[PDB]
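> just coords:
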RNA sequence: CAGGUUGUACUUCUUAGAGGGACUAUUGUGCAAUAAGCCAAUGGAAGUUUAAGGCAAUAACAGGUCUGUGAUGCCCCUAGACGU
Ligand SMILES: [Mg+2]
Ligand SMILES: [Mg+2]
């Protein structure tokens, strides 16, 4: 057997409610570690984390700055390439541009109506993409001006849950055969793929229930898609009649993340976090349910927390799961190969 | 520590418009024949129907009001008038 076992790293706490979004630093000079962690939660707060080198006590790190601009929950965060800037989606019908050194909000994006579930940052950093319960995807100048809004003929029924982008690698030698696209996942169970011009390129009806999250392989060759359908769908951008691969992950799918290198898929689920190996065909490579540190409070027992977010650090060695109890948990992997 | 001034300044305090927010939320081998519900702890600005009120069905009670009304039936007073 190839055993992939998990060493517990630590605990990042001080998030009052849920942990809805997590981003880790971009690798700046190549193959070097990311010092930076940012989370977003219900709690009305965006947390900036100063991370311990080793692990002291049971903790992996300590809260540095708490960004407060927001009325309702923070749905999703995205980083600039600079790593010096972050953005916040919210149910408060607004987006925010955050300087990461100062607590300062730079500009805020206004003009969304209902509420905002997700945001994406384009590789050029001059385009912001935002989506919400308006069944609408919006394109913003970094100066805070709505540039475009996808219309009825294209846009999908119910709510856009998540929008993301299609990475173009640095070297041209990294083999980019396709066109640039952006992907939109929704509560109608539709995975959409649009060109830069906001023209529908490929819209497949992926799921039977609703889709909470979508992420793109670092290669931009495949898409991972998931929600209440209790199914993890992987799609080849070459042949779409049939989904590339499918996995059964217990109960409901909250989040999905690709290992920036390692070629695994981590899935946030109510039961816990599952990790899939794409290099072999088997259905459950590493499974983590987490008992509650808040349960250690005497007399109150948990049903377990459910994990509301995932992120990998740039090196792909560390993994962060945001939870129901407002605690981020950190885990590392040791390989024992028989 | 106090005044006086000031600005392509600002919203914590102050107005008060928009919109949030609480649904008994979360947890509970707590009581419930596990159903309505109650209870506790935690979080929470707020968990006594959040608090205090407005409105008030069917029916009555020959309740009160001709002295609130230029709403009136009938009765009475009409030039030393019960009129002004
Ligand atoms: Mg009342
Ligand atoms: Mg009488």
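Received the coordinates, thanks. Residues are numbered from 1 along each chain as shown, chains lettered A, B, ... in the order given. Ligands and ions are numbered 1, 2, ... in the order given.
> could you report the neighbour count for residue A:199?
Look at residue A:199: counted by other C-beta atoms under 10 Å, it has 9 neighbours. Where C-beta positions appear, they are placed from N, C-alpha and C, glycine not excepted.
> once you drop chain neighbours, what's closest to residue A:78?
residue A:121 (4.4 Å; C-beta to C-beta, 6 or more residues apart in numbering).
> I'd say that neighbour and residue A:140 touch.
No: checked against C-beta atoms under 8 Å, the pair residue A:121 and residue A:140 is beyond contact range at 10.4 Å.
> contacting residues for whatever residue of the stretch 101-250 of chain A ends up closest to RNA strand B?
Of all residues in the stretch 101-250 of chain A, residue A:115 sits closest to RNA strand B, at 8.9 Å by C-beta to the nearest atom of the strand. By C-beta atoms under 8 Å, 6 or more residues apart in numbering, the contact set of residue A:115 is A:72, A:75, A:90, A:91, A:92, A:93, A:132, A:133, A:134.
> surely the fifth one meets residue A:68?
No: contact status for residue A:92 versus residue A:68: not in contact, 11.8 Å apart, counting by C-beta under 8 Å.
> who's more crowded, the two?
Ranked by neighbour count (other C-beta under 10 Å), residue A:92 and residue A:68 place residue A:92 first, with 20 against 11.
> ok so residue A:173 is a helix residue?
Yes: Residue A:173 forms part of a helix when assessed by DSSP: H, G, I helix; E, B strand; the rest coil.
> count the residues that sit near it.
Residue A:173 - counted by other C-beta under 10 Å - has 7 other residues nearby.
> ok, back up a step: any common contacting residues for residue A:121 and residue A:140?
A:127, A:128, A:129.
> from those residues, which land in strands?
Taking DSSP state E as the definition of strands, the shared contacts of residue A:121 and residue A:140 contribute A:128, A:129.
> for the shared contacts of residue A:121 and residue A:140, which one is nearest residue A:275?
Set against residue A:275, the nearest of the shared contacts of residue A:121 and residue A:140 by C-beta to C-beta is residue A:129 (27.9 Å).
> skipping adjacent residues, who's closest to that closest one in space?
Per C-beta to C-beta, 6+ apart, closest to residue A:129 is residue A:120, 4.2 Å.
> which SS class is residue A:334?
Residue A:334 - assigned by three-state DSSP - is strand.
> so what pairs up with it in the strands?
residue A:5 (DSSP bridges).
> for it, grab the count of nearby residues.
9.
> do the same with residue A:228
Residue A:228, neighbours per other C-beta under 10 Å, totals 17.
> now do the contacts for it.
Residue A:228 neighbours (C-beta under 8 Å, 6+ apart): A:207, A:209, A:210, A:212, A:252, A:253.
> the residues you listed: which two are farthest apart?
Counting by C-beta to C-beta, the most remote pair of the contacts of residue A:228 is A:207 and A:252, 11.7 Å apart.
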